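Chemist: Residue numbers (PDB author numbering), protein chains in the order written: chain U, 282 to 422; chain V, 142 to 562; chain Z, 33 to 574; chain X, 262 to 314; chain S, 266 to 315.
Just so it is clear, CB atoms sit at the ideal spot from N, CA and C, and this is done for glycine as well.
My questions all concern the structure below.
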Amino acid sequence: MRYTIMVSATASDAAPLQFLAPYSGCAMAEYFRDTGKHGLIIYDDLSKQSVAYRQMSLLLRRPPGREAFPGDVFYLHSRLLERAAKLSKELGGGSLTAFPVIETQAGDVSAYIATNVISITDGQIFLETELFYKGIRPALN
Amino acid sequence: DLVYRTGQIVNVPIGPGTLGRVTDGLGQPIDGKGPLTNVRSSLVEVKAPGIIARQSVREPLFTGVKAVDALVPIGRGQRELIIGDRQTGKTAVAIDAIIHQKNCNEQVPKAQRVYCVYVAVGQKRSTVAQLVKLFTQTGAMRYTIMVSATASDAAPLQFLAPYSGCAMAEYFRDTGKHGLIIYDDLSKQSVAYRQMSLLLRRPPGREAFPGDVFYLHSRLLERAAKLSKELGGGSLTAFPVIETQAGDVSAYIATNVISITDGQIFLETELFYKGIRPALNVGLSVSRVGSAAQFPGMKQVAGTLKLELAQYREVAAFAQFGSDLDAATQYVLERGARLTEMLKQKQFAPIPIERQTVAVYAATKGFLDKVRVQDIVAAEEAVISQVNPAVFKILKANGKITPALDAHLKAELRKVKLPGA
Amino acid sequence: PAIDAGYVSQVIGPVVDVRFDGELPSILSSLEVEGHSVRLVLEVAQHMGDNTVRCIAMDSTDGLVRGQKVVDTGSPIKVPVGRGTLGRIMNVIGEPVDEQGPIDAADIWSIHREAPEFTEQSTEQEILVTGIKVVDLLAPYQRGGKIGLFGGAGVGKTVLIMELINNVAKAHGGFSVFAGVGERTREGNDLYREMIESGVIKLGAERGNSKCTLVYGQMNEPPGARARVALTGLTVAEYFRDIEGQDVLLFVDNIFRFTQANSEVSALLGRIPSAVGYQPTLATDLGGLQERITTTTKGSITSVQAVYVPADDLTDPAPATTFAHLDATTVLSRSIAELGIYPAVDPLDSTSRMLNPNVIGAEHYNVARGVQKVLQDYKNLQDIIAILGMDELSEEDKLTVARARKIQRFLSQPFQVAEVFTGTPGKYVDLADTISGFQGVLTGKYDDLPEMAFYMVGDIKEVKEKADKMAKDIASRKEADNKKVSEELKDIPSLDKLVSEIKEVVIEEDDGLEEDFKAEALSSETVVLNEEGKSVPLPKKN
Amino acid sequence: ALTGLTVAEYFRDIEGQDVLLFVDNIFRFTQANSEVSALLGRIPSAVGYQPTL
Amino acid sequence: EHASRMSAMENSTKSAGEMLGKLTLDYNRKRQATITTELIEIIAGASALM
Ligand SMILES: Nc1ncnc2c1ncn2[C@@H]1O[C@H](COP(=O)(O)OP(=O)(O)OP(=O)(O)O)[C@@H](O)[C@H]1O
Ligand SMILES: Nc1ncnc2c1ncn2[C@@H]1O[C@H](COP(=O)(O)OP(=O)(O)O)[C@@H](O)[C@H]1O
Ligand SMILES: [Mg+2]
Ligand SMILES: [Mg+2]
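The structure is reproduced here in structure tokens:
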């Protein structure tokens with residue numbers, strides 16, 4: 282906790298607070314990237330930010346799309362994750378690496394929010410629930 | 142066009158004048174016998190009785206079906222789902238219950254009679270007309286109200302015909318008498334309510350059903366209750382019917398009514414075309430409320446019957462069909478097939494409960510092991526005919542197989558001429 | 033007097049719009065409709081503009097006219113809280129429905145709160161033993177945590193939650209609260225009569241020694257009542273946690289009915305629907321309710337909630353949202369119940385935050401991960417055993433199949449609340465008897481015993497005593513030939529004089545349903561209301 | 262994708278040259294028109310793309 | 266060996282015909298749920314605009 286910031290928009294918070302907490306935490310982590318230090322951000326339950334963003338847009342009466350998500354829900358996560366970069370030497374040389382977390386339903390990788398963040402992020406760490414119960418912990422596929 | 146308000150919430154005529162009458166989903170008679178005479182109007186939308194207004198289900202409701210009254214016992218005030226595919230005997234079970242109440246009402250006292258209501262939602266009008274001829278030539282129509290919103294009737298009429306028939310059945314519950322309400326094709330009503338909901342442009346949910354399609358059936362079925370002694374003590378027994386597609390019971394409306402009713406009667410389509418009629422799936426059909434409200438003696442001998450049929454399903458389809466035969470559990474394969482043939486039953490012939498438990502005592506104790514499996518329906522029909530009728534008056538009046546009675550039962554069961562052998 | 037009184041603007045099912053001319057009530061404020069047949073409480077949900085609020089009724093709206101006077105109470109729904117609610121049944125709006133008189137309230141608390149803050153959270157992972165083998169071993173329950181029982185309409189979520197009342201509520205020193213949300217009213221009367229004979233609920237002058245408060249919003253109620261009766265059940269539990277400082281048990285029989293009843297009103301609030309048909313506010317309505325059920329620094333709530341999965345679909349958004357709000361999930365399976373294994377708990381779908389070797393000890397943890405290892409290995413062979421049989425497996429994999437077929441019978445257990453309809457008595461299994469019993473089947477100490485000896489037994493002592501009974505009984509086919517001789521003159525009279533000692537009951541012809549019946553005269557022509565309000569027949573025009 | 266094509270269409274038409282147009286993920290052209298399609302007032306087609314796909 | 270393989274493969278066509286008959290109904294339920302799901306997604310997007 283000496284080096285860790287924790288942004289926590291919990292489940293009792295409003296939907297625009299959970300929508301904005303990945304951007305609130307990335308701006309705090311962008312201080313270290315823009316000053317020559319190195320950051321590491323974990324967007325735990327980024328599958329829960331898209332549900333919070335879906336609640337605002339459906340209640341702002343924006344028309345729904347795939348699984349009633351907004352049309353610009355790819356841009357919700359693409360403009361968030363592209364802020365995690367390794368800067369050049371003329372900008373300090375600092376970095377920021379992101380670990381977004383997406384929860385799938387019954388292993389369905391073909392879900393709508395799941396396939397967006399797979400196409401945005403560089404790598405994937407797939408964790409299967411059937412390798413988890415064979416003793417393989419961490420359950421890396 | 143001018144719309145006039147009648148001044149009152151949606152009401153149907155309820156009372157003793159509804160017995161014997163065929164009725165649409167709104168209250169007006171369709172059998173052509175004049176208006177309802179000795180009747181009064183009550184609401185179709187009544188809140189169900191609460192927690193203090195109810196009491197525990199204690200008294201049994203005999204269906205007249207051997208596979209029901211032995212294995213899935215049903216008490217007064219219960220809600221029992223009849224669920225299965227199309228043409229698996231759903232009505233064969235429901236209309237044997239109505240006919241059996243006509244036989245029981247002529248022997249019980251006045252405050253123990255059961256008055257039936259049959260709601261036909263989305264049925265053919267010919268099958269409704271063929272059912273009133275059945276209830277008239279049996280005499281069951283004297284204790285039966287018939288509500289019918291057929292397939293040509295409007296969707297609000299099929300939505301409301303269960304609530305109309307429940308309010309006609311709630312007259313007997315609220316007056317200390319006992320009612321028996323049957324919602325034939327429970328899923329149908331939900332299809333007619335799905336039609337009204339989508340034409341009202343309401344947002345559809347799972348399988349395009351509305352969000353309040355659980356509340357469509359939960360509100361209806363909670364009105365079948367066994368009332369407390371300070372409310373007359375009357376009861377209302379529901380038999381909702383749900384038709385499944387390809388035996389899938391994980392459907393939306395099917396799992397809705399399973400999570401509403403107390404037990405289920407799963408009628409399997411595989412046993413129905415293998416001649417086992419009624420095709421009661423003995424592993425899946427439960428009743429955990431009317432199990433305490435079971436006829437004793439039948440409770441004594443069907444504890445052995447469903448225990449022997451339990452290990453009979455351990456020898457299910459791999460007798461020698463799967464790999465091999467062991468010939469030590471050959472006995473249970475030639476006894477579970479005897480208990481299967483014991484529970485088969487022809488249509489429109491319900492059996493009194495005191496004659497059912499003797500037919501199970503003849504089978505579970507081993508008085509039919511010599512009889513081959515082809516002639517057991519002839520054997521147990523020869524058991525009830527050749528055993529003297531004095532033993533059925535003892536078992537009905539004592540209400541249990543007394544230790545004086547099973548001596549004379551086993552004496553009378555060894556001097557019957559079983560066919561074949 | 034004309035101000036602070038709105039009139040009903042429009043009625044769409046359970047959703048009522050009220051127009052307030054002078055001043056509008058707050059959101060979540062409770063209202064009262066004058067002149068209804070029952071006490072109709074509306075709760076303000078939305079300010080719609082044009083001086084109209086949008087409300088959800090707590091009872092039925094049938095009989096509402098669009099001019100009816102609606103009075104603002106200036107506060108949310110306030111329910112009686114305190115020790116005077118012990119042994120009492122309350123509905124959603126705090127009225128006593130147990131016919132025991134008024135509720136002697138210590139306070140009248142609103143049902144709407146914020147969740148307790150981040151500084152008021154307790155991190156104390158202590159185990160709560162339940163006596164259930166599949167629960168104590170593979171997904172142990174936290175003593176102050178949230179517990180979910182996920183089920184698919186007939187898999188045994190209510191029999192499991194009644195066994196948890198039978199096992200851990202008697203051993204608890206604090207107060208229990210049962211929130212019956214959207215369940216069968218027959219079960220609410222069953223639980224009430226069971227808690228009275230057990231002395232958990234005492235009536236009359238001994239009411240102060242009761243240890244349970246029942247709150248019941250069952251499935252005969254409109255969706256406004258079923259959407260707020262969980263909030264009523266928390267408020268009784270939140271008083272014992274905050275004010276009394278007690279350790280509270282909260283049992284919520286089906287919390288899904290909170291989510292389902294919020295979807296029945298959301299169609300009429302004019303919202304665009306979310307995924308499969310639920311409200312757009314699914315995660316924040318459930319998250320607003322579930323975050324109030326916590327262990328704080330001044331009290332613990334051990335909550336056990338049943339969750340209904342709607343069509344045996346765990347990927348449905350209402351069970352999937354609930355999975356993130358729990359410390360221990362107990363997913364019950366329809367396919368395990370069809371094998372006869374009860375409780376039908378999926379061992380490869382039930383998880384707990386307590387299953388950690390630094391919390392439950394490394395000896396209990398290594399057994400549970402070994403039980404889950406061979407149950408997953410048996411699931412990997414499930415289609416090879418199907419399409420090819422067990423004769424094609426290895427001799428090291430047929431040992432995996434036979435051991436996993438033994439422990440999935442050994443996870444089965446008879447309950448003390450299931451003894452009424454199964455006949456077999458209930459078995460409470462201690463925690464150390466479960467870890468030692470499941471070491472033996474993993475190491476190979478019980479490869480001698482058959483598979484069915486493990487079925488529906490309590491301890492590893494009881495599988496050895498059932499393996500003997502299965503082999504005394506096959507030797508009992510050669511035991512004896514039982515003859516019943518010389519009893520006919522001992523104490524059994526006859527058949528014919530047995531008929532003469534029955535009591536004939538008088539059968540009454542002419543059933544006489546005209547007793548106490550009033551029979552109002554329904555005439556032929558449809559009676560309607562004219563413009564002056566009088567009852568007239570229909571005019572002769574179309 | 263029209264900006265880079267306009268540079269490739271100048272080298273083809275005016276310069277008369279042979280051009281190599283490398284377009285990384287032309288799917289994102291169709292995806293970006295879908296992110297504005299409901300806000301332009303078009304009711305959606307099949308799986309979630311615009312009616313003008 | 267040839268005559269017990271003739272019986273073990275009759276039990277495999279019966280097992281892979283019961284598995285295929287059950288998985289066809291599982292596909293047909295998932296087929297019917299799929300056409301219902303995306304159609305509800307189109308009406309919910311059209312009722313937001315119309
Ligand atoms: N116990 C029985 N013995 C013989 N035949 C029977 C028995 N029970 C039902 N049947 C017959 O099986 C057929 C099924 O008709 P039934 O109305 O009982 O089925 P159902 O499930 O209501 O069908 P549907 O979906 O068309 O309403 C009828 O021909 C009926 O006479
Ligand atoms: N512990 C158990 N032991 C034996 N049978 C059980 C058990 N739990 C459930 N069952 C069976 O499954 C049924 C489920 O009933 P219930 O728990 O009320 O359903 P639900 O899970 O829908 O609330 C019971 O009626 C019984 O037949
Ligand atoms: Mg029928
Ligand atoms: Mg339940």
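1) Can you round the beta-carbon distance between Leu420(Z) and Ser269(S) to whole angstroms, since I take them to be within the 8 Å contact cut?
2) When you compare the segment 186-196 of chain V with the segment 361-368 of chain V, are there three or more beta-carbon pairs, one atom per stretch, that lie closer than 8 Å?
3) State yes or no: is the beta carbon of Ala269(X) nearer than 8 Å to at least one beta carbon in chain S?
4) Starting from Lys370(U), follow its DSSP beta bridges and name the residues at the other end.
5) Is the beta carbon of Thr190(Z) within less than 7 Å of some heavy atom of ligand 4?
6) Under 7 Å between beta-carbons, which chain U residues line up against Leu380(Z)? List them in chain order, please.
7) Taking DSSP as the reference, what is the three-state secondary structure of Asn412(Z)?
8) Near ligand 3, which residues have their beta-carbon less than 6 Å from any of its heavy atoms, given in chain order?
9) What are the uninterrupted segments assigned as alpha helix (DSSP H) that are 4 or more residues long and contained completely in the segment 438-511 of chain Z, given in chain order?
10) Pick out whichever of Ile439(Z), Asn398(Z), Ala394(Z) has its Cα sitting closest to the Cα of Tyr410(Z).
11) If you measure from the beta carbon of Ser277(S) to each beta carbon in chain Z, is any gap under 8 Å?
12) Would you check if there are 3 or more beta carbon pairs closer than 8 Å linking the segment 183-198 of chain Z to the segment 338-355 of chain Z?
13) Does the Cβ of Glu275(S) have 16 or more other Cβ atoms within 10 Å, making it buried, or fewer, making it exposed?
14) Which same chain residues, not among the five before or five after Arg335(U), have their C-beta less than 6 Å away from its C-beta?
15) Is there a C-beta anywhere in chain S that falls below 8 Å from the one on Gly458(Z)?
16) In chain order, what residues of the segment 268-296 of chain X put their CB closer than 9 Å to some CB of chain S?
17) Going along chain V, which residues have a C-beta under 9 Å from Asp94(Z)?
18) Which first and last residues belong to the alpha helix (DSSP H) in which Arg86(Z) is found?
19) Nearest-angstrom Cα distance between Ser328(V) and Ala379(V)?
20) Does the beta carbon of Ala392(V) fall short of 7 Å from some heavy atom of ligand 2?
21) Using the beta-carbon count (16 or more within 10 Å), is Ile275(X) buried or exposed?
22) Let me check understanding here. Comparing Cα to Cα, which of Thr505(V), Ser369(V), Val442(V) lies closest to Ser197(V)?
23) Is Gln153(Z) closer than 8 Å to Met386(Z) when the C-beta atoms are compared?
24) Just to confirm the assignment, what range does the beta strand (DSSP E) spanning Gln405(V) have?
25) Residues of chain U with CB under 8 Å from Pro312(X), in chain order?
26) Is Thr362(Z) close to ligand 2? I mean its beta-carbon at under 7 Å from any heavy atom of the ligand.
27) Please check if any C-beta of chain S sits within less than 8 Å of the C-beta of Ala387(U).
28) Just confirm the distance between the C-beta atoms of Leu446(V) and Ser305(V), as a whole number of angstroms; I'd bet it's less than 8 Å.
29) For a quick check, are the C-beta atoms of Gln299(V) and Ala290(V) less than 8 Å apart?
30) Under 8 Å, Cβ to Cβ, is there at least one residue of chain Z near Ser293(U)?
31) Using the Cβ count rule (16 or more neighbours within 10 Å means buried), how would you classify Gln311(Z)?
32) Measure the beta-carbon distance from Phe207(Z) to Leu96(Z) and round it to whole angstroms, keeping in mind my assumption that it falls under 8 Å.
33) What in chain S is Cβ-close to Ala349(U), meaning under 8 Å?
34) Specify the secondary structure class of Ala37(Z) as computed by DSSP and reduced to three states.
35) Work out the CA separation of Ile383(U) and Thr402(U) for me, nearest whole Å.
36) Compute the minimum distance between the beta carbon of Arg98(Z) and the heavy atoms of ligand 1, and state whether it is under 7 Å.
Modeler: Concretely, from the data shown:
1) Actually they are not in contact, since the Cβ atoms of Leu420(Z) and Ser269(S) sit about 14 Å apart, beyond 8 Å.
2) yes
3) no
4) Answer is none; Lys370(U) lacks a bridge partner.
5) yes
6) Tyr414
7) helix
8) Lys231(V), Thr232(V), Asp325(V)
9) 451-454, 463-475, 492-504
10) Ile439(Z)
11) yes
12) yes
13) exposed
14) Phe350
15) no
16) none
17) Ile150, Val151, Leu184, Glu186
18) Looking at the DSSP string, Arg86(Z) is not in any alpha helix (DSSP H); the run it does join, the beta strand (DSSP E), is 84-89.
19) 15 Å
20) no
21) exposed
22) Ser369(V)
23) no
24) 404-408
25) Ordered by position in chain U, no residue passes the 8 Å Cβ test against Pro312(X), which lies about 13 Å from the chain.
26) no
27) no
28) In fact, because the Cβ distance is near 39 Å, the residues do not count as touching under 8 Å.
29) yes
30) yes
31) buried
32) Not quite, the Cβ-Cβ distance comes to about 38 Å (not below 8 Å), so this is no contact.
33) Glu306, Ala309
34) strand
35) 12 Å
36) no
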